[PDB]
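The primary structure of each chain is shown beneath.
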Amino acid sequence: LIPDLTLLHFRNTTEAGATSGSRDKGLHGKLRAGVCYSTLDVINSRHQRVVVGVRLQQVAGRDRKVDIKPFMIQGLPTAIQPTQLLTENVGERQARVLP
Amino acid sequence: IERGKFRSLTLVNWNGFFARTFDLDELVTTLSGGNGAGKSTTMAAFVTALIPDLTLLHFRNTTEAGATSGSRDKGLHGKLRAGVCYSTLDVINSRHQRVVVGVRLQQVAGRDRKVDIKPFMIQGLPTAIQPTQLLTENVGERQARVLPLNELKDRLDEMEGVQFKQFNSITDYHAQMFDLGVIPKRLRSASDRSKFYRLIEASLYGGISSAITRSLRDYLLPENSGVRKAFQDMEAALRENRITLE
Amino acid sequence: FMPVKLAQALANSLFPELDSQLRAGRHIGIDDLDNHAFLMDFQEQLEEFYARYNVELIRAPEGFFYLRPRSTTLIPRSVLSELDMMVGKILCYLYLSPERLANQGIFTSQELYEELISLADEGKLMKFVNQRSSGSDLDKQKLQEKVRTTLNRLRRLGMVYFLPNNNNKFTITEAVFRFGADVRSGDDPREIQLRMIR
Amino acid sequence: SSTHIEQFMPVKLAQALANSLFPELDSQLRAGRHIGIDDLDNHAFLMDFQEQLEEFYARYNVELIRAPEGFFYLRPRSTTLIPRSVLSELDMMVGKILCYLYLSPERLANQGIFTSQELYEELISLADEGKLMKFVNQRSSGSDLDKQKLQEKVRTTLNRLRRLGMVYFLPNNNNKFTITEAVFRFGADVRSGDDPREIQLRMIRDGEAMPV
Amino acid sequence: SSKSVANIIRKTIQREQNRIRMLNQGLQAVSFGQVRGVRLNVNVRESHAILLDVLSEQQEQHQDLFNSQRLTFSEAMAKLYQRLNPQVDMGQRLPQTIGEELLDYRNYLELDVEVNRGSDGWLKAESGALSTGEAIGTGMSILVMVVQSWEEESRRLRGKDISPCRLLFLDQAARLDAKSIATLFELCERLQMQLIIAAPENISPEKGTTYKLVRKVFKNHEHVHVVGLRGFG
Amino acid sequence: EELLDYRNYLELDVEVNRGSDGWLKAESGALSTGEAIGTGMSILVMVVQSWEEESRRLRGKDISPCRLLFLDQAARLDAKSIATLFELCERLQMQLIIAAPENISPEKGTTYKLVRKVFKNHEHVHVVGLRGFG
Amino acid sequence: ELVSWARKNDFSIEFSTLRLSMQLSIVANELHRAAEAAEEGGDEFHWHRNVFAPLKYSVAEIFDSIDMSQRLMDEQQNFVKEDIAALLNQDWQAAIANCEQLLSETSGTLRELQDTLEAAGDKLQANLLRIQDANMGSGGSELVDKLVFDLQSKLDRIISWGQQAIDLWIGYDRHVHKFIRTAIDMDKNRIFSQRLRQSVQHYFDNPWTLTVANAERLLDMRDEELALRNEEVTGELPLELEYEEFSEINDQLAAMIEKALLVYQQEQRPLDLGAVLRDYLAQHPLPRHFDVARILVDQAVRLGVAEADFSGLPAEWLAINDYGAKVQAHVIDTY
Amino acid sequence: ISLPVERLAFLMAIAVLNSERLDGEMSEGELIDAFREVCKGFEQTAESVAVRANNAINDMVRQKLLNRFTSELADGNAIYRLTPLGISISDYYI
DNA sequence: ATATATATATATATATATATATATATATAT
DNA sequence: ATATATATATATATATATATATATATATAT
Ligand SMILES: Nc1ncnc2c1ncn2[C@@H]1O[C@H](COP(=O)(O)OP(=O)(O)OP(=O)(O)O)[C@@H](O)[C@H]1O
Ligand SMILES: [Mg+2]
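Parameters at a glance
- Residues numbered from 1 in each chain as written, not as in the entry; some residues may be left out.
- Chains lettered and ligands numbered in written order.
- Part of a larger assembly, values for the part shown.
- Heavy atoms only, no water.
- Contact = heavy atoms within 4.5 Å.
- Buried area = accessible area lost by both parts, 1.4 Å probe.
- Salt bridge = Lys/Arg side-chain N within 4 Å of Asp/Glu carboxyl O.
- Polar contact = N/O pair within 3.5 Å; in protein donor to acceptor, adjacent residues only side chain to side chain.
- Helix = DSSP H or I, 4+ residues; strand = E, 2+ residues; numbered from the N terminus.
- Nonpolar A, V, L, I, M, F, W, Y, C, P; charged D, E, K, R; others polar.
- Pairing = 2+ DSSP bridges.
- Near = heavy atom within 4 Å.
- 1 Å grid on protein atoms, 1.4 Å probe; cavity = no way out; pocket = protein on both sides within 12 Å on 5 of 7 lines; lining within 4 Å.
- Points joined across faces, edges and corners; volume = space filled by probe spheres on them.
- Buried < 20%, exposed > 50% of the residue type's maximum accessible area, 1.4 Å probe, protein only.
- Core = buried A, V, L, I, M, F, W, Y, C linked by side-chain atoms within 4.5 Å.
- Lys, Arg positive; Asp, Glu negative; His and termini not counted.

- Structure determination for the deposited model, as stated in its record, used cryo-EM, and the stated resolution is 6.5 Å.

In structure tokens, the structure reads:
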């Protein structure tokens, strides 16, 4: 919903308003190596099926930093699910996430 | 050795509670009830009985735990009813001595929501005497009344074998409690009291208290005076050297 | 360096006496024309000068100036007795409108004594003199002597201007309003003052 | 020119009065506190701007005076703008005794750290026990209750002198103390080798000491 | 004097490290969420070991810094710490306070809390990288160790016949699941620790004692009615 | 500049009709956890409604922005409070995502059971879904 | 605890450095011999006769002797302080040289004792650590460790004092000089001292008092007296605690479902939540259906995972009854 | 040489603490605590704790049982050490 | 026609200094 | 013998300055 690194701080529920204590925002450790995606699907009052989303990547480096790229998709068929667009059903056991 | 135990917690004239005695468990005591039942009130009353330091007592909501809310009110005043209130603990010592520590709380008249607290201790009370009855006088038909500290002193002194003491400072109160195996650490200085309250406060809200983890060094490791003496010696040497150089 | 106007105010030949009287707690009202005008002119700098002492230079709504010590006050602080505030509130009440027809701004120790006896509760009077006392001659004489002593203490503060003679007859200044209560819309000053005193 | 400090106050006096140390020093001085070499910061502050402060305080009709021993203090004049007060005779006894202990080598092992008990023992050694006790209570004849009363009075006078800077309690102990050179003032009547009755008149004339 | 200082700090640090390392084995693999164990890591800080070495052997080489009239001893120590080991990059804290901090031996040890999360080994415990239940369990473990240490320290002053009472709290217990609460119960009973827990629902029906509170409005005031509960009927 | 803003001229307070007593100012310290949580949700929906009202005049006349809120550690609330919250959200056509560690079982809406496991030496969340009950 | 022991007992009533060197040498020989004997090893009796009888008694006695020498030096320091104090009473300005010499000799003696102490402290510590290393050669050598832990501190303790005393004395010394630089410099002839003494003795023949500034204290307004709330609260006292019992119906249902479901794990049969739930919910009335579904799922998800969940193909919402109940789950294959 | 039961017990406690003391130094700040504890155990209050402690320490110092050293930094601004006679008297029983 | 480096603005949160309130010791006075 | 005043220390919350990291628009090398 809000792809801004400044504001995103996933502190623990305990210490909901307390100071940082550490320097990490807690987002990097929730991701996995590679390219990841977080997408919402919305149906407007106009009934337009819109897929909003963000591509996330653990920025390789000394610190635990994350790169976020927003995106929107419009006009998708109602029969195609988000997991299908972002994943290739290769013959292997597990699918492949595409950039 | 047999470790002492907290037998029960008694609440007098509290918000919602007139005179209620919860008998604690050897291992675990649980309190349930819908929102606003008054469990947090019981916890607050206990801790008030344990550390009656008014500067430390701050009953923030579990939400905003440690987040400054700027209410200017510690929340204790609204948890008491008008008139006298009591909060007492019965403890069985490892010497198998039943000791009733406690505090008399009373709202201070005025716009400020300020409270006054007076600790006290009772030793040698017969095991058949319940604090709930000990603190109340049966006036009228099944209409017991609460009695003030002076009346309690008169009633107890008239009994045989019971020793009642009233403390003019929470320091002596903590010292006596420690003497009877009720507190792990001797809270000689105000910093010790602050650390103790920090520990129980973190426990009550539960989980990683920021202050604790930030001062874990102070909380775990003991203070050493030899290092301080050596540093002072080096300081004096450096001061003399600077004097000579100047 | 130092503020220039602050240096001017401190250098003024009136500054030593006024400073001593302020550090003694005296209240400077409109009656002291020279001192009041000096404080009016140089307040913006004397407030800072006395804030350097962790004290506040306060100009009351009535107009009189005074020094309020903070908790970190650098000027040795002291606290008035209970009888002192009681007597202060009595004089504040006596700063009344019928007072003009009653005493024309000049009261006598007897007026204060009778007002204090009739108006105050017996328990506080005993607490003043001693608890075990009960309506006796020696206790009343000691109470009168303490009343005179506290009247002198107020004189030290500028609350009461003695009429010059050994005899006890004085006048009440506006600064006494410090003991007074706040005024609301339509409230009778007499009623609020008595309610506070009770 | 206008808006210029020299118009009203000398530059160095204004600098001294604007220093962070001025307020505590002024409050202590007006309270009657003597300043010795131990308060290094305050003593140095007084030394640097000593002349400005004597002339400033002269406006109050009080002399900022530095005794030859090197300790500053305030002596009000008969026309003082700051009230004045005199020490009690018991205060003189304890101050003279304190000066003796400062100059006494027998107690050198103490290294300057003294307890009130030792001070009382020395006091009774050099003074007249019962005739000194007479002042504590007019009806004393050696009663131990009155003895404890005199001990308590000596302790109280010692505390007051501590307030005056003649003695410092130790950073953690209020039952032990270290003497300061200010105590030398208690010997101003004997520092000059002349007849006592002329030196007393000289001092009282100078305002150093009133009689009782 | 500087050499003697450094020596006494080193000895105290070694003694405290040994004590804490011996104490660590007083934990028995608590099960909280994916956290399988809690541990205390004590390690002498190299940034401070270098400082001790310089103090003990090379005091004179930096006398220029020590004997400056501008710097107090605390500030001198802070500046010396800055001089060597310059990559720490301390923040905006003033030299005076950081030096005063340097004057305490305990600061010289990194004292941190490690958790054996899942199968990732022992990782430093950060509230920002732990679930609510995991953090609650870790905090309880820390508090129990702290109270044990306090009891141990006072073992000398206290009489040989008294064991101090032990009691802790936990409000809003509903944040913990059944497994976590069972683990907490077994830990507390193994440590003879009394617990007072609160939750809107009875989360511990078959252990210890339980009470249920109901608040009733009654003639323009309130009353709380307390009813005991039992496991089986 | 503070005076130049009309909003500063207004004093805003949150009041609750707590029990037998009248309307009292909402102080975080004078309420239980559930009461504070509920009042917070109330004020949040107030804010959402106000924002929608403000933004309507700059939007297409036939656009109704989505409304969706969270509630973590919902177990702090009792069944009565949860039912009241559900009623409020329904009345306001507002979607809720509530997390509870199995303690509560809201019969209405969708429920998602999650369980963490190790599979192929990787952490995996087995997920099951239910809905329509009631 | 020793207070009661004492109460029931009812009881009541060589500074030469050559010495210190010779005790240190004797200690070195005995400690090295004991360390070598421990390192060589032996049976329990050999371990005893080589590390417990010889070491313990000898080291304890001679460390006590060294400590006794330090105590005798402490006595000598006290005596020299007293001698200096008495001398300054008799010569005043003429004892300055005597006191400076006495200070010089005492300082030199203290420094030589410290030097002799540190002449063997390090190597003795090394030998003691060696004995610590060799102690673990047997399981019954626990007591040895105590000595190897005890005989440490004493030694270090001794060395500590060897410096601490100097740290104290070098301090005290300064004071004496200060005294000479302050007490006697301005009272060279001491006449001021006698005259002060006579003034004290004959003060009240001319009682005089000094003058000091006594500025007034800033009188302040007393804060309002605090009055508590007194209302004599009365009310009904609570009755005896009632009790209620917890229903274990859900436990019985869970046991039923676990027994009914264990067959799938036993046979490793592919489990389909849709069909299983649809079949099983028919056995219960509609209002209970939810409380069943949940439980069943709780029991099913512990049994293996579903391989399709990694395919990226979402599962459908299969209906599991009438009235509109639905379930979304892939088939559980990998047990 | 005159050791009543209380003085003797205080001396024995001092010796025990010195034996268990790390570096073999005793500041008076701990001596006063030890005297308070022994007097509490013996259950006698002739005067205040402080005066009794001071009198006993001074008596032992003059009775050649303790040696005092003035150190301002030390807790209580003094450091006390057992004298050879005190060591002998203490270890005679211990 | 593109992507990286710069300058700008912003929120975060870190630290300091201030001011308040409470507890304590304890020294006075009736 | 105890009420009361006074000085000191600590914890706690407010307010302000400042360094850090990120987001956005423009400039300029590729
Ligand atoms: N200081 C106070 N002033 C006014 N009302 C209060 C105060 N403290 C508690 N209350 C009210 O008393 C009732 C019990 O509060 P309390 O926080 O003790 O409940 P609880 O059982 O802990 O609740 P929950 O589990 O929902 O947190 C609630 O109505 C609360 O609003
Ligand atoms: Mg609650």
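### Looking at the interface of chain E and chain B
Logical step 1: Facing the 90 residues of chain E at the interface are 79 residues of chain B.
Logical step 2: Taken together, both faces of the contact between chain E and chain B bury some 7900 Å²; the carbon and sulfur share is 63%.
Logical step 3: Counting the surface chain E buries against chain B, the share from its top three residues, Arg 106, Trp 150 and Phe 169 of chain E, is 11%.
Logical step 4: Run the count over chain E and chain B and you get 4 salt bridges.
Logical step 5: A salt bridge links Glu 151 of chain E to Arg 3 of chain B; its shortest N-O distance comes to 3.0 Å.
Logical step 6: At the boundary of chain E and chain B, one finds 39 residue pairs in polar contact.
Logical step 7: Sorting elements by how many residues they give to the side of chain E that touches chain B places helix α6 (residues 132-153) of chain E first, with 13 residues.
Logical step 8: Taken together, the residues of the side of chain E that touches chain B break down into 46 nonpolar, 25 polar and 19 charged.
Logical step 9: Sheet topology places strand β3 (residues 28-32) of chain B next to strand β6 (residues 209-218) of chain E; 4 bridges connect them, and they run parallel.

### Some points on the protein's contact with DNA strand J
Logical step 1: With respect to spatial proximity, 17 residues lie near DNA strand J, and among them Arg 72 and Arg 198 of chain B, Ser 78 of chain C together with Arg 217 and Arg 222 of chain G are the closest.
Logical step 2: Per the 4 Å cut-off to the protein, sugar and phosphate atoms form 100% of the nearby atoms of DNA strand J.
Logical step 3: The side chain of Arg 72 of chain B places a nitrogen or oxygen atom 2.3 Å from a phosphate oxygen of DNA strand J.
Logical step 4: One of the side-chain N or O atoms of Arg 222 of chain G is found 2.3 Å from a phosphate oxygen in DNA strand J.
Logical step 5: Looking at the surface near DNA strand J, the elements that each hand over two or more residues are α5 (190-205) of chain B together with β3 (77-79) of chain C.
Logical step 6: Broken down by class, the residue content of the surface near DNA strand J amounts to 2 nonpolar, 7 polar and 8 charged.

### Describing the interface of chain B and chain G
Logical step 1: Across the boundary between the two partners, chain B contributes 19 residues, which contact 15 residues of chain G.
Logical step 2: Summed over the three residues of chain B that lose the most area to chain G, namely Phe 18, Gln 106 and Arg 142 of chain B, the buried surface amounts to 28% of that side.
Logical step 3: Ionic pairing is found between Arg 145 of chain B and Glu 232 of chain G, a salt bridge with its closest N-O pair at 2.5 Å.
Logical step 4: Breaking the side of chain B that touches chain G down by element, the ones donating at least two residues are β2 (19-23), β5 (98-107) and β8 (145-146) of chain B.
Logical step 5: Class assignment for the residues of the side of chain B that touches chain G results in 8 nonpolar, 6 polar and 5 charged.

### Description of empty space enclosed by the protein
Logical step 1: Taken as a whole, the largest cavity holds about 190 Å³ of empty space.
Logical step 2: Taken together, 17 residues make up the lining of the largest cavity; nearest its centre are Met 140, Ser 141, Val 144, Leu 187 and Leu 191 of chain E.
Logical step 3: Those elements giving two or more residues to the lining of the largest cavity turn out to be α6 and α7 (178-190) of chain E.
Logical step 4: Tallied by class, residues from the lining of the largest cavity come to 12 nonpolar, 4 polar and 1 charged.
Logical step 5: What the second largest cavity holds in volume is close to 140 Å³.
Logical step 6: Lining the second largest cavity are 16 residues, with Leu 50, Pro 184 and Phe 196 of chain B together with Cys 165 and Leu 167 of chain E positioned closest to its centre.
Logical step 7: Of all the elements in the fold, those that place two or more residues in the lining of the second largest cavity are α1 (39-50) and α5 of chain B together with α6 and β4 (167-170) of chain E.

### Points about the pattern of salt bridges
Logical step 1: If you walk through the whole model with that rule in mind, you get 77 salt bridges over all chains.
Logical step 2: Residue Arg 55 of chain A pairs with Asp 67 of chain A through a salt bridge whose shortest N-O separation is 3.4 Å. One end of the pair, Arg 55 of chain A, is in strand β2 (residues 49-59); the other, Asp 67 of chain A, is in strand β3 (residues 65-74), and 12 residues separate them in sequence.
Logical step 3: Judged by its relative accessible area of 32%, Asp 67 of chain A is partly exposed.
Logical step 4: The partner of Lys 149 of chain D in a salt bridge is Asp 146 of chain D, and the shortest N-O contact between them spans 3.9 Å. Taken together, the residues span about one helical turn, with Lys 149 of chain D and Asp 146 of chain D both in helix α8 (residues 144-163) at a distance of 3 residues.
Logical step 5: What makes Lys 149 of chain D partly exposed here is its relative accessible area of 35%.

### Describing the protein's contact with DNA strand I
Logical step 1: With respect to spatial proximity, 20 residues lie near DNA strand I, and among them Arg 23 of chain A, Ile 170 and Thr 171 of chain B, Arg 70 of chain C together with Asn 159 of chain D are the closest.
Logical step 2: Between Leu 94 of chain E and DNA strand I, the recorded distance is 3.2 Å, taken from a backbone N or O atom to a phosphate oxygen.
Logical step 3: Those elements that provide at least two residues to the surface near DNA strand I are α4 (170-179) of chain B together with α8 of chain D.
Logical step 4: Residue contributions to the surface near DNA strand I peak at 3 residues, all from α8 of chain D.
Logical step 5: Here the residues of the surface near DNA strand I are counted per class, giving 3 nonpolar, 11 polar and 6 charged.

### Focus: the nonpolar core
Logical step 1: Residues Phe 66 and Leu 213 of chain E are the most contacted members of the largest nonpolar core, which totals 123 residues.
Logical step 2: The leading source of residues in this core is α6 of chain E, at 8 residues.
Logical step 3: Discounting chain neighbours no more than four positions away, the residues touching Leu 213 of chain E are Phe 17, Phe 22, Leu 31, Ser 32, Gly 33, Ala 37, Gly 38 and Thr 42 of chain B together with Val 224, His 225 and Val 226 of chain E.
Logical step 4: Counting 71 residues, the second-largest nonpolar core is a separate cluster that includes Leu 87 and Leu 90 of chain D together with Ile 84 and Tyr 172 of chain G.

### Structural notes on the side chain of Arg 26 of chain C
Residue and element names in this part refer to chain C.
Logical step 1: Within the secondary structure layout, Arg 26 lies in the loop between α2 (15-23) and α3 (33-51).
Logical step 2: No salt bridge is formed by the buried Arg 26. Its closest oppositely charged neighbour is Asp 32, at 4.9 Å.
Logical step 3: Separated by 3.4 Å, the side chain of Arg 26 and the backbone oxygen of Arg 155 make a polar contact.
Logical step 4: Look past the residues within four positions of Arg 26 in its chain and what remains in contact with it is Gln 21, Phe 65, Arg 155, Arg 156, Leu 157, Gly 158 and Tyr 161.

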